[PDB]
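Below: my_file.csv (CSV, C-alpha atoms)
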```
chain,number,residue,atom,x,y,z
A,1,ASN,CA,-9.6,9.6,3.7
A,2,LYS,CA,-8.4,6.0,4.6
A,3,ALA,CA,-5.3,7.2,6.4
A,4,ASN,CA,-6.2,8.4,9.9
A,5,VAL,CA,-4.4,8.6,13.3
A,6,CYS,CA,-4.7,6.1,16.2
A,7,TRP,CA,-5.0,3.1,13.8
A,8,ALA,CA,-2.8,1.0,16.0
A,9,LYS,CA,-4.9,1.7,19.1
A,10,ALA,CA,-8.1,0.8,17.1
A,11,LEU,CA,-6.6,-2.5,16.1
A,12,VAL,CA,-5.8,-3.6,19.7
A,13,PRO,CA,-9.3,-5.2,20.4
A,14,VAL,CA,-9.4,-6.7,16.9
A,15,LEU,CA,-6.1,-8.4,17.2
A,16,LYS,CA,-7.0,-9.6,20.7
A,17,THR,CA,-9.8,-11.7,19.2
A,18,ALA,CA,-6.9,-13.8,17.7
A,19,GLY,CA,-4.9,-13.8,20.9
A,20,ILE,CA,-2.5,-11.2,19.6
A,21,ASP,CA,-1.0,-8.6,22.0
A,22,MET,CA,1.5,-6.4,20.3
A,23,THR,CA,4.5,-5.0,22.2
A,24,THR,CA,6.0,-1.7,21.3
A,25,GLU,CA,8.9,-3.6,19.6
A,26,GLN,CA,6.4,-5.5,17.5
A,27,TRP,CA,4.5,-2.4,16.6
A,28,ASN,CA,7.8,-0.8,15.4
A,29,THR,CA,7.9,-3.4,12.6
A,30,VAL,CA,5.0,-1.4,11.0
A,31,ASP,CA,6.9,1.4,9.4
A,32,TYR,CA,4.3,4.1,10.0
A,33,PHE,CA,4.2,3.2,13.7
A,34,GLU,CA,7.9,3.9,14.1
A,35,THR,CA,7.6,7.2,12.2
A,36,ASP,CA,4.3,8.2,13.8
A,37,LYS,CA,2.2,8.6,10.6
A,38,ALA,CA,-1.5,8.3,9.7
A,39,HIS,CA,-2.4,4.9,8.2
A,40,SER,CA,-5.3,2.7,7.3
A,41,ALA,CA,-6.2,0.3,10.1
A,42,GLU,CA,-7.6,-2.1,7.5
A,43,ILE,CA,-4.3,-2.1,5.4
A,44,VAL,CA,-2.4,-2.7,8.6
A,45,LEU,CA,-4.7,-5.4,9.7
A,46,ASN,CA,-4.2,-7.1,6.4
A,47,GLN,CA,-0.4,-6.8,6.8
A,48,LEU,CA,-0.5,-8.3,10.2
A,49,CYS,CA,-2.9,-11.1,9.1
A,50,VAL,CA,-0.4,-12.2,6.5
A,51,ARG,CA,2.5,-11.9,8.9
A,52,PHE,CA,0.8,-13.9,11.6
A,53,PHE,CA,-1.2,-16.5,9.7
A,54,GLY,CA,0.0,-16.5,6.1
A,55,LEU,CA,-3.5,-15.5,4.8
A,56,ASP,CA,-4.9,-12.1,3.8
A,57,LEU,CA,-8.2,-10.7,4.9
A,58,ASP,CA,-10.0,-12.2,1.9
A,59,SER,CA,-9.6,-15.6,3.7
A,60,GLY,CA,-12.4,-14.4,6.0
A,61,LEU,CA,-10.2,-15.0,9.1
A,62,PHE,CA,-11.2,-11.7,10.6
A,63,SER,CA,-14.8,-11.5,9.2
A,64,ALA,CA,-16.8,-11.9,12.4
A,65,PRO,CA,-18.8,-8.9,13.4
A,66,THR,CA,-17.0,-8.4,16.7
A,67,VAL,CA,-15.1,-5.0,16.9
A,68,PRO,CA,-15.8,-2.0,14.7
A,69,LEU,CA,-13.0,-0.3,12.8
A,70,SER,CA,-14.5,3.2,12.1
A,71,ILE,CA,-13.2,6.5,10.9
A,72,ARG,CA,-14.4,9.5,13.0
A,73,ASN,CA,-12.9,13.0,13.0
A,74,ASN,CA,-9.8,11.8,11.1
A,75,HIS,CA,-9.2,9.1,13.7
A,76,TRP,CA,-9.6,5.3,13.5
A,77,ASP,CA,-11.6,4.1,16.5
A,78,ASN,CA,-14.0,1.4,17.6
A,79,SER,CA,-17.2,3.5,17.6
A,80,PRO,CA,-20.3,1.6,16.3
A,81,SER,CA,-20.5,1.0,12.5
A,82,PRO,CA,-21.1,-1.9,10.1
A,83,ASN,CA,-17.4,-2.2,9.5
A,84,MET,CA,-16.7,-4.9,12.1
A,85,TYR,CA,-13.8,-7.3,12.3
A,86,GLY,CA,-12.9,-10.2,14.6
A,87,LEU,CA,-11.6,-13.8,14.5
A,88,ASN,CA,-14.2,-15.9,12.8
A,89,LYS,CA,-14.2,-19.4,14.4
A,90,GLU,CA,-16.2,-21.0,11.6
A,91,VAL,CA,-13.5,-19.9,9.1
A,92,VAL,CA,-10.8,-21.2,11.4
A,93,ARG,CA,-12.6,-24.6,11.4
A,94,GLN,CA,-12.8,-24.7,7.6
A,95,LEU,CA,-9.1,-23.8,7.2
A,96,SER,CA,-8.0,-26.3,9.8
A,97,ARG,CA,-8.5,-29.1,7.4
A,98,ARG,CA,-5.6,-27.8,5.3
A,99,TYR,CA,-3.7,-26.0,8.1
A,100,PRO,CA,-4.1,-28.3,11.2
A,101,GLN,CA,-2.1,-26.1,13.7
A,102,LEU,CA,-3.8,-22.9,12.7
A,103,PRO,CA,-6.5,-23.1,15.4
A,104,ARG,CA,-3.7,-23.1,18.0
A,105,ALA,CA,-2.1,-20.1,16.3
A,106,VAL,CA,-5.3,-18.0,16.4
A,107,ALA,CA,-6.1,-19.0,20.0
A,108,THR,CA,-2.6,-18.0,21.3
A,109,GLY,CA,-1.5,-15.1,19.0
A,110,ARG,CA,1.4,-17.2,17.6
A,111,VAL,CA,2.6,-17.1,14.0
A,112,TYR,CA,1.4,-20.0,11.9
A,113,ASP,CA,4.5,-20.7,9.7
A,114,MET,CA,3.1,-21.5,6.3
A,115,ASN,CA,6.4,-23.1,5.2
A,116,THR,CA,6.3,-25.7,8.0
A,117,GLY,CA,2.8,-25.8,9.5
A,118,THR,CA,4.2,-25.2,13.0
A,119,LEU,CA,3.9,-22.3,15.5
A,120,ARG,CA,6.5,-19.5,16.0
A,121,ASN,CA,6.7,-16.3,17.8
A,122,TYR,CA,6.2,-13.1,15.8
A,123,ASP,CA,8.8,-12.2,13.2
A,124,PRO,CA,7.8,-10.2,10.1
A,125,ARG,CA,10.0,-12.4,7.8
A,126,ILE,CA,8.2,-15.7,8.3
A,127,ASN,CA,5.1,-15.3,6.1
A,128,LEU,CA,5.9,-13.1,3.1
A,129,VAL,CA,2.9,-13.8,0.7
A,130,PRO,CA,-0.8,-14.6,1.5
A,131,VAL,CA,-1.3,-18.2,0.4
A,132,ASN,CA,-5.0,-17.7,-0.3
A,133,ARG,CA,-4.6,-14.9,-2.8
A,134,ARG,CA,-4.5,-15.4,-6.5
A,135,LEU,CA,-1.9,-12.9,-7.5
A,136,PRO,CA,-3.1,-10.8,-10.4
A,137,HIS,CA,0.5,-10.6,-11.8
A,138,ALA,CA,3.9,-12.2,-11.3
A,139,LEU,CA,6.1,-10.9,-8.6
A,140,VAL,CA,9.8,-10.2,-8.6
A,141,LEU,CA,11.6,-13.0,-6.7
A,142,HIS,CA,15.2,-11.6,-7.0
A,143,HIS,CA,15.5,-8.0,-6.0
A,144,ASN,CA,18.8,-6.1,-6.0
A,145,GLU,CA,20.1,-2.8,-4.6
A,146,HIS,CA,20.4,-0.2,-7.3
A,147,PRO,CA,20.9,3.6,-7.3
A,148,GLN,CA,17.7,5.6,-7.2
A,149,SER,CA,15.9,6.2,-10.5
A,150,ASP,CA,15.6,9.7,-12.0
A,151,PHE,CA,12.3,10.4,-13.7
A,152,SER,CA,13.0,14.0,-14.8
A,153,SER,CA,13.4,13.0,-18.5
A,154,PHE,CA,10.2,11.0,-18.4
A,155,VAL,CA,8.0,13.8,-17.1
A,156,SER,CA,9.6,16.3,-19.6
A,157,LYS,CA,8.3,14.2,-22.5
A,158,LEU,CA,4.7,14.3,-21.3
A,159,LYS,CA,2.2,16.6,-22.8
A,160,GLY,CA,1.1,19.5,-20.6
A,161,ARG,CA,2.2,22.9,-19.3
A,162,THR,CA,1.7,22.7,-15.5
A,163,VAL,CA,3.1,20.0,-13.3
A,164,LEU,CA,2.6,19.2,-9.6
A,165,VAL,CA,5.4,17.0,-8.3
A,166,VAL,CA,4.4,15.2,-5.1
A,167,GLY,CA,7.0,13.8,-2.8
A,168,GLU,CA,10.7,14.2,-3.5
A,169,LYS,CA,11.9,17.1,-5.5
A,170,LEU,CA,12.0,16.7,-9.3
A,171,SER,CA,13.0,19.3,-11.8
A,172,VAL,CA,11.1,19.2,-15.1
A,173,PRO,CA,12.8,21.2,-17.8
A,174,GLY,CA,10.3,23.0,-20.1
A,175,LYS,CA,7.4,23.0,-17.7
A,176,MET,CA,6.0,25.0,-14.8
A,177,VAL,CA,6.4,22.9,-11.7
A,178,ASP,CA,4.9,23.3,-8.2
A,179,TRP,CA,6.2,21.0,-5.5
A,180,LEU,CA,4.1,19.4,-2.7
A,181,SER,CA,6.2,17.9,0.1
A,182,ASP,CA,7.0,18.1,3.8
A,183,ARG,CA,10.4,19.5,2.9
A,184,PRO,CA,11.1,23.2,3.8
A,185,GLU,CA,11.7,24.3,0.2
A,186,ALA,CA,8.4,23.0,-1.1
A,187,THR,CA,5.9,25.2,-2.8
A,188,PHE,CA,3.1,23.6,-0.7
A,189,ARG,CA,4.5,22.3,2.6
A,190,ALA,CA,2.3,19.6,4.1
A,191,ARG,CA,2.4,16.2,5.8
A,192,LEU,CA,2.1,13.7,2.9
A,193,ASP,CA,0.6,11.0,5.2
A,194,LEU,CA,-2.5,13.2,5.3
A,195,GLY,CA,-2.8,13.2,1.5
A,196,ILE,CA,-2.9,16.0,-1.1
A,197,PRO,CA,-4.4,19.0,0.6
A,198,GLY,CA,-7.8,19.9,-0.8
A,199,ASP,CA,-6.8,23.5,-1.5
A,200,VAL,CA,-4.0,22.5,-3.9
A,201,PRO,CA,-4.8,23.8,-7.5
A,202,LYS,CA,-5.4,21.8,-10.7
A,203,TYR,CA,-2.7,20.8,-13.1
A,204,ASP,CA,-2.1,19.3,-16.5
A,205,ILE,CA,0.3,16.7,-15.1
A,206,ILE,CA,0.7,15.3,-11.6
A,207,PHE,CA,3.8,13.1,-10.9
A,208,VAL,CA,3.8,11.2,-7.6
A,209,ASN,CA,7.6,11.0,-6.9
A,210,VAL,CA,7.2,8.8,-3.8
A,211,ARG,CA,9.1,5.6,-3.2
A,212,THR,CA,8.7,2.8,-0.6
A,213,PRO,CA,11.7,0.7,0.5
A,214,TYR,CA,12.1,-3.0,-0.2
A,215,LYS,CA,12.6,-4.9,3.0
A,216,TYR,CA,11.5,-8.5,2.8
A,217,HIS,CA,9.6,-9.2,-0.5
A,218,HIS,CA,7.9,-7.6,-3.4
A,219,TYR,CA,4.6,-8.2,-1.7
A,220,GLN,CA,5.8,-6.2,1.4
A,221,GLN,CA,7.0,-3.3,-0.7
A,222,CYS,CA,3.7,-3.2,-2.6
A,223,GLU,CA,1.5,-3.3,0.5
A,224,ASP,CA,3.6,-0.7,2.3
A,225,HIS,CA,3.1,1.6,-0.8
A,226,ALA,CA,-0.7,1.1,-0.9
A,227,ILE,CA,-1.5,3.8,1.6
A,228,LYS,CA,0.5,6.3,-0.5
A,229,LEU,CA,-1.4,5.3,-3.6
A,230,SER,CA,-4.6,5.9,-1.6
A,231,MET,CA,-3.6,9.3,-0.1
A,232,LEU,CA,-1.6,10.7,-3.0
A,233,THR,CA,-2.2,9.1,-6.4
A,234,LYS,CA,-6.0,8.5,-5.9
A,235,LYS,CA,-6.5,12.1,-4.8
A,236,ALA,CA,-4.6,13.4,-7.9
A,237,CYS,CA,-7.9,13.1,-9.8
A,238,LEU,CA,-9.3,16.0,-7.7
A,239,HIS,CA,-6.4,18.2,-9.0
A,240,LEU,CA,-6.3,17.5,-12.7
A,241,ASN,CA,-7.5,19.8,-15.6
A,242,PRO,CA,-9.8,18.1,-18.0
A,243,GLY,CA,-7.9,15.5,-20.0
A,244,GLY,CA,-4.9,15.7,-17.6
A,245,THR,CA,-2.3,13.1,-16.8
A,246,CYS,CA,-1.3,11.4,-13.5
A,247,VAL,CA,1.9,9.4,-13.3
A,248,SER,CA,2.9,7.6,-10.1
A,249,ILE,CA,5.8,5.5,-8.9
A,250,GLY,CA,4.5,2.1,-7.9
A,251,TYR,CA,5.3,-1.6,-7.5
A,252,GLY,CA,2.3,-3.2,-9.2
A,253,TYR,CA,-0.7,-4.4,-7.1
A,254,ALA,CA,0.4,-7.5,-5.3
A,255,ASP,CA,-1.9,-6.8,-2.4
A,256,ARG,CA,-5.7,-6.4,-2.3
A,257,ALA,CA,-5.7,-2.7,-1.5
A,258,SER,CA,-3.3,-1.7,-4.3
A,259,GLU,CA,-5.4,-3.7,-6.8
A,260,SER,CA,-8.6,-1.9,-5.7
A,261,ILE,CA,-7.0,1.5,-5.7
A,262,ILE,CA,-5.3,1.2,-9.1
A,263,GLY,CA,-8.5,-0.2,-10.7
A,264,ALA,CA,-10.5,2.7,-9.3
A,265,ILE,CA,-8.0,5.3,-10.7
A,266,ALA,CA,-7.8,3.6,-14.1
A,267,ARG,CA,-11.6,3.8,-14.6
A,268,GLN,CA,-11.3,7.6,-14.5
A,269,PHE,CA,-8.9,8.0,-17.4
A,270,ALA,CA,-9.1,7.3,-21.1
A,271,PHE,CA,-5.9,5.2,-21.0
A,272,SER,CA,-3.9,3.4,-18.3
A,273,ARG,CA,-0.4,2.0,-18.9
A,274,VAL,CA,2.5,0.6,-16.9
A,275,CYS,CA,6.0,1.8,-18.0
A,276,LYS,CA,9.5,0.9,-16.8
A,277,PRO,CA,11.9,3.5,-18.3
A,278,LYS,CA,15.6,2.9,-18.6
A,279,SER,CA,16.4,5.0,-15.5
A,280,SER,CA,14.2,2.6,-13.4
A,281,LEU,CA,16.7,-0.1,-12.3
A,282,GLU,CA,15.0,-1.4,-9.2
A,283,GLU,CA,13.4,-4.6,-10.3
A,284,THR,CA,10.0,-4.0,-8.6
A,285,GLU,CA,9.6,-0.3,-9.5
A,286,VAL,CA,7.3,0.8,-12.3
A,287,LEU,CA,5.4,3.9,-13.4
A,288,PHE,CA,1.6,3.8,-13.5
A,289,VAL,CA,0.6,6.2,-16.3
A,290,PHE,CA,-2.9,7.5,-16.5
A,291,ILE,CA,-3.7,9.6,-19.5
A,292,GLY,CA,-6.9,11.6,-20.3
A,293,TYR,CA,-8.6,12.4,-17.1
A,294,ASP,CA,-12.5,12.3,-17.5
A,295,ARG,CA,-12.2,11.2,-21.1
A,296,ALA,CA,-12.9,8.0,-22.9
A,297,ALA,CA,-10.8,6.1,-25.5
A,298,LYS,CA,-3.7,-5.7,-20.0
A,299,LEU,CA,-2.3,-3.8,-17.0
A,300,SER,CA,-1.8,-7.2,-15.2
A,301,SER,CA,-0.2,-8.8,-18.3
A,302,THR,CA,2.2,-5.9,-18.7
A,303,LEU,CA,3.2,-6.2,-15.0
A,304,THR,CA,3.8,-9.9,-15.4
A,305,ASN,CA,6.0,-9.3,-18.5
A,306,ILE,CA,8.0,-6.7,-16.5
A,307,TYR,CA,8.3,-8.7,-13.3
A,308,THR,CA,8.8,-12.3,-14.6
```
Take the structure from the file and write it as structure tokens.
Amino acid sequence: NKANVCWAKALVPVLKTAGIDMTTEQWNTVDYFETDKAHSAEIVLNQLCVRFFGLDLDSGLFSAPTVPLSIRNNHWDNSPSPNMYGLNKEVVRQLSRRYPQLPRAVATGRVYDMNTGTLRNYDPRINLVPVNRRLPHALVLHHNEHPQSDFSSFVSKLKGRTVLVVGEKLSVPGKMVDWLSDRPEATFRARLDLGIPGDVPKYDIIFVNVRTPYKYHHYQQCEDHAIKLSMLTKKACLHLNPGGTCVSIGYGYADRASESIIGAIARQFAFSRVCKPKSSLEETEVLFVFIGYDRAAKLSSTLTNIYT
């Protein structure tokens, strides 16, 4: 759906409107570029917008109708469509009152360092959080290295007979488990960057056992995970028996894409909860728990309590 190939090529003319010309070395700081995976050009544009200018796309910085970002035949491209992006000079003028060197940054493809108000060359560690965004929940400021969590016990306690585990292998005592992964021993072997295959069956429980590494900040970890929520967790709703359950590893919804994705998933289930079991030691990691698919019968406040 939102992940398609050639997203980096499609972004070249968009980024050029802000003076940005990415080298291979700079593209390699986008994880899916280095590993050659399908991605959303919009999520990547948002990531680069924060890295370069300290503002996310909701600032309007790229809202001019200059270059299309379109999805055609599983590719991102610049074919005509209403979904157009480009440096918006009127927005730059408005922001320059608060950020006086920002017009120079967007003319020359330099980083505007939000900590100093001065220009820098590209480094992904300079601007870690979009200063324009009202975060829906508190973020972890002090992350530590911990052993990986083991969610076998959690899934075993869920109600349901059939389980689809997506991502890394997970045994679930007492249930019948199918495993979707790009590993050779998977039940269904597929590239996970292309999402849950449409021909996968329906299940009582889907557990998205997929993690994203912490590199610079909770915000980075969340935005890097958003595409996985879009291609895996969001597609789980097509693969659930009536009243079924989806559980997914996540990191909250620090970024705009994750917030939209999680909200859309939650509206399809009777109950939505965030849980942090005892085996989950990494400070940013949570489980999103969606109970009662296609049935009727605080998320942000729970995340704030977990992450404060």
**Contact residues around residue 244 of chain A with all atoms listed in the file at 9 Å, ignoring same-chain residues under 4 positions, as a ChimeraX atom specification** = /A:159-160,203-206,237,240,269,290-294
Report as an mmCIF file with C-alpha atoms, in the coordinates of the input all protein, DNA and RNA residues lying within 8 Å of segment 124-128 of chain A, evaluated on all atoms listed in the file, omitting residues in the same chain fewer than 6 positions from it.
```cif
data_model
loop_
_atom_site.group_PDB
_atom_site.id
_atom_site.type_symbol
_atom_site.label_atom_id
_atom_site.label_comp_id
_atom_site.auth_asym_id
_atom_site.auth_seq_id
_atom_site.Cartn_x
_atom_site.Cartn_y
_atom_site.Cartn_z
ATOM 1 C CA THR A 29 7.900 -3.400 12.600
ATOM 2 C CA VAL A 50 -0.400 -12.200 6.500
ATOM 3 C CA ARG A 51 2.500 -11.900 8.900
ATOM 4 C CA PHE A 52 0.800 -13.900 11.600
ATOM 5 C CA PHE A 53 -1.200 -16.500 9.700
ATOM 6 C CA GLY A 54 0.000 -16.500 6.100
ATOM 7 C CA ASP A 113 4.500 -20.700 9.700
ATOM 8 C CA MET A 114 3.100 -21.500 6.300
ATOM 9 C CA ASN A 115 6.400 -23.100 5.200
ATOM 10 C CA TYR A 216 11.500 -8.500 2.800
ATOM 11 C CA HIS A 217 9.600 -9.200 -0.500
ATOM 12 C CA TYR A 219 4.600 -8.200 -1.700
ATOM 13 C CA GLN A 220 5.800 -6.200 1.400
#
```
**Message:** Using only C-alpha atoms and a cutoff of 10 Å, can you tell me which residues are near (-2.8, 0.1, 18.0) in the file's coordinates, and write them out as a ChimeraX atom specification?
**Reply:** /A:5-15,21-24,27,33,41,44,76-77
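Remark: for residue 200 of chain A, the closest of the candidate residues A:229, A:235, A:174, A:215 is A:235 (distances computed over only C-alpha atoms).
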**Prompt:** Expressed in Å to a single decimal, how great is the separation between atom CA of residue 168 of chain A and atom CA of residue 2 of chain A?
**Reply:**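 Those two atoms sit 22.3 Å apart.
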Can you report as JSON the centre and edge lengths in Å, to one decimal, of an axis-aligned box around the listed atoms of segment 266-270 of chain A padded with 4 Å on each side?
```
{"center_x": -9.7, "center_y": 5.8, "center_z": -17.6, "size_x": 11.8, "size_y": 12.4, "size_z": 15.0}
```
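Atom CA of residue 252 of chain A is found 24.5 Å from atom CA of residue 191 of chain A.
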**Item:** Among the residues A:287, A:155, A:264, A:238, the one that comes closest to residue 210 of chain A [using all atoms listed in the file]
**Value:** A:287
**Request:** Enter the distance from atom CA of residue 256 of chain A to atom CA of residue 166 of chain A, in Å, rounded to one decimal.
**Result:** 24.0 Å
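Using all atoms listed in the file, the protein and nucleic acid residues lying no more than 10 Å from residue 188 of chain A, apart from those fewer than 2 places from it along its own chain, are residues 164, 166, 178, 179, 180, 181, 182, 183, 184, 185, 186, 190, 191, 196, 197, 199 and 200 of chain A.
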**Message:** Quick one: residues within 10 Å of residue 57 of chain A, all atoms listed in the file, excluding same-chain residues fewer than 3 positions away - as number ranges by chain?
**Reply:** A: 42-43, 45-50, 60-63, 85, 130, 132-133, 256
**Asked** Which residue gives the smallest distance to residue 303 of chain A among A:254, A:107, A:69, A:227, with all atoms listed in the file counted?
**Response**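 Result for the nearest residue to residue 303 of chain A: A:254.
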**Request:** Name the residues in contact with segment 149-154 of chain A at a cut-off of 7 Å, using only C-alpha atoms, excluding same-chain residues fewer than 4 positions from it; report them as a PyMOL selection string.
**Result:** chain A and resi 170-172+279-281
**Message:** Could you check the closest approach to residue 68 of chain A for each of A:119, A:90, A:80, A:17 and tell me which residue wins, using all atoms listed in the file?
**Reply:**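 Among A:119, A:90, A:80, A:17, it is A:80 that comes nearest to residue 68 of chain A.
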